[PDB]
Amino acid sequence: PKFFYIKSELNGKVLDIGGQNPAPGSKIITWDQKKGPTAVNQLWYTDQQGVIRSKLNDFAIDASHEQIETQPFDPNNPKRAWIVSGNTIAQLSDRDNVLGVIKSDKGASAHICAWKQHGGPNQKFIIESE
């Protein structure tokens, strides 16, 4: 029941499941922080292991494709176990691999990818209580 927002230190927006799409494989973007029962697609929590999940469907963050998207949690899939570590959303099995915001080149909402930690604010996040 302890949910939170993940805000980018790059654009000050927050991780958000694209268009509130509940289906697995939905792209995760950054969007203006909403408030109320409509913020569900922007709310996250950590399971007992500390692995990040979405309040919307309990799905985990998955970095199997070009951009991060939601996918059912699988303890056997290394690209679906992401945890909070200070200012970074780190891959549980490889802390050197962290999430980072990447602005759009087409004037759309920014997307997210996972790559080597390079110290930029694009790879820093702030956990913000609900």
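The first residue of the sequence shown is number 1, and the count goes up from there.
Stretch comparison (31 to 39 versus 91 to 99) by mean CA B-factor in the PDB entry places 31 to 39 on top. Remark: residue 76 belongs to the highest third of its chain, ranked by C-alpha B-factor as recorded. The deposited CA B-factor of residue 117 belongs to the lowest third of values across its chain. In this PDB entry, the Cα temperature factor of residue 129 sits in the top third of its chain's modelled residues, the highest group. When the modelled residues of the chain are ordered by their C-alpha B factor, residue 62 lands in the lowest third. For residue 56, the recorded CA temperature factor ranks within the middle third of the chain's modelled residues.
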